[PDB]
Amino acid sequence: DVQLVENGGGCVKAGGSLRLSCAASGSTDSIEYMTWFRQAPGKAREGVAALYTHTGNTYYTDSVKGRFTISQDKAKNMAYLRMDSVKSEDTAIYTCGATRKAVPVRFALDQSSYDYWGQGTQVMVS
Amino acid sequence: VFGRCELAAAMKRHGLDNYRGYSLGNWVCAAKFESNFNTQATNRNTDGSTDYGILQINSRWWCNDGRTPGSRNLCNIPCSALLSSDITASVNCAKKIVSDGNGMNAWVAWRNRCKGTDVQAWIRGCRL
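Quick note, the sequences are listed as chains A and B, same order.
Basically the numbering used here = 1-based index in the first sequence + 241.
Basically the numbering used here = 1-based index in the second sequence + 356.
This is the structure we're talking about:
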């Protein structure tokens, strides 16, 4: 019984630093992975920055390599995704998925694997 | 129900010892808190996935039962072999799982109890 929420978003010109936040409720202990998925208009939902709550290892797709960083707080059961050097293609709706089971690394960015989702937060680049 | 010392000796024989930088105590504790030293133990999941073997390997991602939709079957072996009394296949695919990259953190019992504890005490007093 984990509900995912998202905070932040909005218009951020190129190069602007955007701080997206995500939180978990209910039985947050069972959560294993936290990932951000961008639902770009006209494109299928795809992962952006996968993460493992316990180890803390962060996995990122090629596009956002070296620009976006994701970290979480154990006490608050929240994960926030830093953004930097944004470009035109970054405009999309970002969804903070979560799972109650240990997914493999190769499937950490897979949307089907995750058993939880939250209301996506729109991100626009001026 | 295999003996605690006997189970530790079996794990040592199978080569699980000194794998991914974990001692025998971690594996013994994980087995004890996953199946209470009972390899025949079987558990289901809310999603419908099934767990077989002493280490309770999940069917969705690890073993190919054929009853779980979209199974990644990483073990590449039938879940029945894991359900078999012998722990050879369980040891092999546990090596594979701990080699995933996240270590023994994948197993819930290990994180809950065998993480940051005196796991080595499990193999104490066993003449191994």
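By construction, the Cβ of each residue, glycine as well, lies at the ideal position given by its N, Cα and C atoms.
Sheet register partners of residue i (DSSP bridge)
i, result
"residue 247(A)", "263(A)"
"residue 308(A)", "DSSP output for residue 308(A) lists no bridge partner at all."
"residue 270(A)", "None; residue 270(A) has no bridge partner."
"residue 287(A)", "279(A)"
"residue 292(A)", "275(A) and 299(A)"
"residue 413(B)", "408(B)"
"residue 502(B)", "Because chain B here runs from 357 to 484, residue 502(B) falls outside it and cannot be looked at."
"residue 323(A)", "260(A) and 310(A)"
Residue closest to residue i, alpha-carbon to alpha-carbon, out of the options
i, options, result
"residue 316(A)", "252(A), 265(A), 248(A) and 250(A)", "265(A)"
"residue 304(A)", "344(A), 253(A), 247(A) and 330(A)", "330(A)"
"residue 450(B)", "386(B), 394(B), 363(B) and 422(B)", "386(B)"
"residue 267(A)", "260(A), 365(A), 324(A) and 246(A)", "246(A)"
"residue 358(A)", "256(A), 279(A) and 249(A)", "279(A)"
"residue 394(B)", "471(B), 435(B) and 440(B)", "440(B)"
"residue 403(B)", "390(B), 462(B), 383(B) and 424(B)", "424(B)"
"residue 360(A)", "262(A), 306(A) and 297(A)", "262(A)"
Contact list for residue i against chain A, beta-carbon separation under 7 angstroms
i, result
"residue 382(B)", "Residues of chain A passing the Cβ test: none, with the nearest at roughly 15 angstroms."
"residue 420(B)", "Under the 7 angstroms cutoff, chain A gives no residues; its nearest Cβ is about 15 angstroms from residue 420(B)."
Inter-residue CB distance, residue i and residue j (contact presumed, cutoff 8 angstroms)
i, j, result
"residue 431(B)", "residue 413(B)", "7 angstroms"
"residue 274(A)", "residue 349(A)", "6 angstroms"
C-alpha gap between residue i and residue j, whole angstroms
i, j, result
"residue 363(A)", "residue 335(A)", "6 angstroms"
"residue 480(B)", "residue 313(A)", "37 angstroms"
"residue 353(A)", "residue 285(A)", "12 angstroms"
"residue 366(A)", "residue 254(A)", "5 angstroms"
"residue 388(B)", "residue 362(B)", "12 angstroms"
"residue 427(B)", "residue 347(A)", "14 angstroms"
"residue 444(B)", "residue 276(A)", "35 angstroms"
"residue 339(A)", "residue 355(A)", "5 angstroms"
"residue 302(A)", "residue 360(B)", "44 angstroms"
"residue 466(B)", "residue 482(B)", "21 angstroms"
"residue 272(A)", "residue 463(B)", "13 angstroms"
Under 8 angstroms from the C-beta of residue i: neighbouring residues of chain A
i, result
"residue 458(B)", "293, 295, 296, 298, 343 and 346"
"residue 461(B)", "293, 295, 296 and 343"
"residue 426(B)", "353"
"residue 430(B)", "345"
Amino acids of chain A, ordered along the chain, whose beta-carbon sits closer than 9 angstroms to that of residue i
i, result
"residue 417(B)", "342, 343, 344, 345, 348 and 354"
"residue 414(B)", "342 and 343"
"residue 467(B)", "295"
Residue i beta carbon near the ligand ZN (any heavy atom closer than 6 angstroms)
i, result
"residue 457(B)", "Judged by which ligands are present, the structure shown has none, so any question about the ligand ZN falls away."
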